[PDB]
Number of protein chains: 2
Amino acid sequence: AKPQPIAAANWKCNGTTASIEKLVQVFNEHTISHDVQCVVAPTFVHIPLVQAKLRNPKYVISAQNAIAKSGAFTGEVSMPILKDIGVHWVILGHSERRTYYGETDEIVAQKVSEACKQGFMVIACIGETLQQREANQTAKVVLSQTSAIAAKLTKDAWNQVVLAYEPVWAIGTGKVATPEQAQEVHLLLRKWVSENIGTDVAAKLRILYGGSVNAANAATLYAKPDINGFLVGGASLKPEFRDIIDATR
Amino acid sequence: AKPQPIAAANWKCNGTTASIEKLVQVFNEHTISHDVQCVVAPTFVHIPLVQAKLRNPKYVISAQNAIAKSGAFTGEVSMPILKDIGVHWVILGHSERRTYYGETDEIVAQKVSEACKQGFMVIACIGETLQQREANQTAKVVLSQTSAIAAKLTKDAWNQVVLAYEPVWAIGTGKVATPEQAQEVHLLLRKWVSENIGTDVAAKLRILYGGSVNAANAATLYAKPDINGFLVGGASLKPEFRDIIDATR
Ligand SMILES: *CC(=O)COP(=O)(O)O
Ligand SMILES: *CC(=O)COP(=O)(O)O
């Protein structure tokens with residue numbers, strides 16, 4: 001049987017106090033009656049507002065990024081700082097960060113390791129580019145990204161790890177991976193985890209799909225045996241995030 | 001006569017809710033009786049706490065960094081987002097950001113321009129490295145950084161601009177620039193602004209010194225004719241920030 005599903009909202013760099021208050025009320029009023037971990041990741045400056053207004057018992061609050069240690073890092077937010085204000089989830093290795101803000105496989109793996117050490121639940125993002133997929137390098141790429149992370153983790157740290165398979169070509173492009181495309185990658189990821197980390201770890205591991213998930217395509221994606229939920233960008237800013245949660249029933 | 005001084009606290013990536021509540025109480029209880037703009041720049045996640053607790057009428061709250069536009073920028077905080085939550089000051093071009101997070105002269109100038117367009121007061125950071133100073137390139141460097149910013153600004157936008165001369169070698173090193181060293185650079189900066197932007201702009205422009213400022217060295221720095229206050233790192237996390245404010249009397 002599948003482990004507990006996750007429906008995660010990456011709001012990215014979006015929102016006003018008014019829009020967030022309205023959307024959070026929508027999320028609060030949506031009564032969820034199955035076992036699912038909902039996650040909302042607002043911008044750093046919006047974290048306290050969401051903490052103050054979000055009351056739905058199925059939800060936790062996540063950061064969109066973090067650095068490992070406090071200190072002389074102007075503009076950045078550290079893991080101890082998040083922990084202190086009551087945020088113990090974090091998204092790491094998200095694609096535009098990897099691509100434009102210099103987060104290499106090594107850097108992402110290090111961040112994931114430090115977050116686990118500091119008691120975070122981590123949504124670690126992996127995924128191939130359009131060119132990588134065309135060159136039939138999808139498996140090589142996601143396994144390389146996963147193994148980099150794994151190399152810095154103890155077996156027991158995996159209880160805190162959630163993988164998000166998010167092909168770069170599906171992010172905000174209106175071109176969702178098909179259920180067959182997504183399942184194929186989830187299956188190979190779980191096999192690798194089973195063989196390299198443990199059969200027990202593999203059985204409990206949530207592997208989420210991300211990239212153009214919406215209310216209409218979510219259920220058929222979730223029907224696949226190795227998809228454990230979603231990392232949602234655009235649609236998570238809208239009332240249809242309710243439908244995506246319910247698609248994990 | 002000197003324009004209104006500024007005493008600005010860059011807390012960098014530091015603080016807990018408990019430490020911030022204590023330090024803000026210290027700042028609140030310190031009664032300031034001269035004309036000065038105090039500025040506190042906490043981490044993004046701490047902005048609402050500081051907004052809720054800081055009451056000293058001489059203070060405004062600043063962001064430590066921002067990007068210009070909202071959108072698909074995981075982990076980042078935009079200028080419209082800050083404006084909406086009531087933050088209309090921002091520090092830009094701070095040294096570790098220039099050096100490690102890829103913020104070139106062009107990128108910093110663009111950020112400053114967008115912040116001004118969005119109605120921000122901007123503390124724009126400039127300054128030479130140790131090697132640059134040894135090679136007698138200080139003037140060339142700070143003028144190049146300043147001119148890059150100036151090229152993207154209308155004359156009227158300068159009413160929103162505060163320059164912070166912050167030599168890289170003086171940041172957190174316990175090696176403050178001497179009053180003579182700082183004044184020499186402030187004088188040449190103001191001359192450039194006078195000649196290139198306008199005599200009126202130059203007279204009103206706040207040029208702050210940053211780099212190992214503390215309670216003991218602040219007054220003698222402020223005594224120099226072209227120093228208009230301070231951008232303070234380490235000492236701004238301590239009760240002695242009160243003394244630094246009072247050193248602008
Ligand atoms: C995971 C992610 O970045 C999704 O973005 P979307 O707008 O394609 O859902
Ligand atoms: C401006 C700045 O980064 C100062 O740091 P400090 O700890 O040297 O004051």
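Atoms within a ligand are numbered from 1 in the order they appear, just like the ligands themselves. Reminder, nothing fancy here: chain letters follow the sequence lines and each chain counts from 1.
The cationic atom of A/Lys2 (NZ for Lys, CZ for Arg) lies less than 6.0 Å from the six-membered ring centre of A/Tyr222 and within 45° of the ring axis.
Proximity to B/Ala170 (heavy-atom distance under 4.0 Å) selects the following atoms of ligand 2: 8 (O). For ligand 2, the atoms closer than 4.0 angstrom to any heavy atom of B/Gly234 are 6 (P), 7 (O), 9 (O). The contact set between ligand 2 and B/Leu231, taken as ligand atoms under 4.0 Å from a residue heavy atom, comprises 1 (C).
Note: no N/O pair closer than 3.5 Å links B/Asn10 and ligand 2 by distance alone. Checking only distances, A/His94 does come within under 3.5 Å of ligand 1, N or O to N or O.
Counted by atom type alone, A/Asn228 and A/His186 present zero donor-acceptor pairs between their side chains at under 3.5 Å.
Every heavy atom of B/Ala235 sits 4.0 Å or more from the atoms of ligand 2.
Regarding atom 5 (O) of ligand 2, its nearest protein heavy-atom neighbour is B/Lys12 NZ, 3.3 Å. Among all protein heavy atoms, the one lying closest to atom 2 (C) of ligand 1 is A/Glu166 OE2, 2.4 Å. Protein heavy atom closest to atom 9 (O) of ligand 1, with residue, atom name and distance, is A/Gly233 N, 2.8 Å.
Under the 3.5 Å distance criterion, the side-chain polar atoms of B/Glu128 are left unmatched by any main-chain donor or acceptor of B/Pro167.
Two residues are said to be in side-chain contact when any heavy atoms from C-beta on lie closer than 4.5 Å; A/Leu237 and A/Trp11 meet this criterion.
In summary, the aromatic rings of A/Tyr101 and B/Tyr101 are positioned with their centroids too far apart to meet the 6.0 Å limit.
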